[PDB]
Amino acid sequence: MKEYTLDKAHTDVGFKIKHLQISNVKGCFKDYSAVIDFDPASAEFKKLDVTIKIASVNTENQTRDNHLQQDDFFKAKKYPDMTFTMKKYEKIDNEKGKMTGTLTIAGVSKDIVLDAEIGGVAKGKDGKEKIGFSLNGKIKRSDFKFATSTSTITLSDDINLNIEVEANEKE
């Protein structure tokens, strides 16, 4: 038997413990097209049709973006683009209305409601029109059989859409 004294400098009294952390993935699409018909006399949308290139996704992370394109997500090879087609705008007042339309994600289509909020209608610098509005709403991955392999525990079943639009008149 012999007695020792720790060398505190090369001793580590250590532990490891596993925890969960919840976080929002925020993202946009860099490339999309839209057709916008709007009547400032009555603050009603007449036609709103959007096409989004799945390829142009951006969640501030290079390799998750690539991963989004694969079979367990978008299947961008087979289904390059997602689309929204307005079917009905039901006015609440000049600032607010309920928009109903058909969303299509990887070939599966469902009708969704978005909350339209008109953040501002104007005549621009040059005397030609502008508008600024938002579309907001929650859709469920499950309604679109989207990313079915991934559990609703790991990744939320709810996707929150925030479409923020500025837009100028045509020709």
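The numbering used is simple: start at 1 and walk along the sequence shown.
On average the C-alpha atoms of 124-132 have higher B-factors than those of the other stretch, with 101-109 and 124-132 being the two compared.
Stretches 31-39 and 60-68 differ in mean C-alpha B factor, with the higher average recorded for 60-68. Highest CA B-factor among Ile22, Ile159, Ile17, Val13, as stated in the entry: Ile22. Among the modelled residues of its chain, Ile52 has a C-alpha B-factor that falls in the middle third, as given in the PDB entry.
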